[PDB]
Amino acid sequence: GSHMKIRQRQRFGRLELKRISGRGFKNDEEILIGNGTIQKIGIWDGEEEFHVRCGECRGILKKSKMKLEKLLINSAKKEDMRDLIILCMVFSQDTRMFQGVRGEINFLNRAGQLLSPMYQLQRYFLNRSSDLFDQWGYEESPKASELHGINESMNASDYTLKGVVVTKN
């Protein structure tokens, strides 16, 4: 439907979600993507908390408008952690995710049909993940030792992708 309901499993392609709290309101906005093209996109506004999964990787997501606030992941198979992080970055509509679009991206297919902007961004980044990580930035990992940082190669690290933390497991 239109909005993800508390406790309801939902899909955004490869990302699975399930609301813990909050409400979003969606408004259309002209967004500048890093391409230099300006595209009309449905921007959610409000604080939202979700359970998320990509394959075997689980976590909890907090967002606000156009910002991934916090993402706590449970340790898992590396490919899945990497995609869960990408899918969370796109799902949150973070200003930095928009900036990382470098190459051409289509919002219309060759038959001239209408494609989903958020879906097409997910497709662009699952395939060119670098292009998001370039924009993302690092911060000091959490002081506690039940919590670790992770870098874009998915190894534990003393500096971590901003807002991202890992628990074992």
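Residue numbers here begin at 1 and follow the sequence given.
K.L.:
Determine, for stretches 49-57 and 134-142, which one has the higher mean CA B-factor as deposited.
P.N.:
Result of the comparison: 134-142.
K.L.:
Where do the C-alpha atoms have the higher mean temperature factor in this entry, in 112-120 or in 98-106?
P.N.:
Averaging CA B-factors over each stretch, the winner is 98-106.
K.L.:
Select lowest, middle or highest to describe the third in which the CA B-factor of residue 165 falls within its chain in this entry.
P.N.:
For residue 165, the deposited C-alpha B-factor lands in the middle third.
K.L.:
Sorting the chain's CA B-factors, does residue 32 end up in the lowest, middle or highest third?
P.N.:
Within its chain, residue 32 is a highest-third residue by C-alpha B-factor, going by the deposited values.
K.L.:
By the recorded C-alpha temperature factor, relative to the other modelled residues in its chain, which third is residue 70 in?
P.N.:
Middle third.
K.L.:
Sorting the chain's CA B-factors, does residue 157 end up in the lowest, middle or highest third?
P.N.:
It belongs to the highest third of the chain when residues are ordered by C-alpha B-factor.
K.L.:
How does residue 147 rank on Cα B-factor within its chain, lowest, middle or highest third?
P.N.:
Highest third, going by the recorded CA B-factors of the chain.
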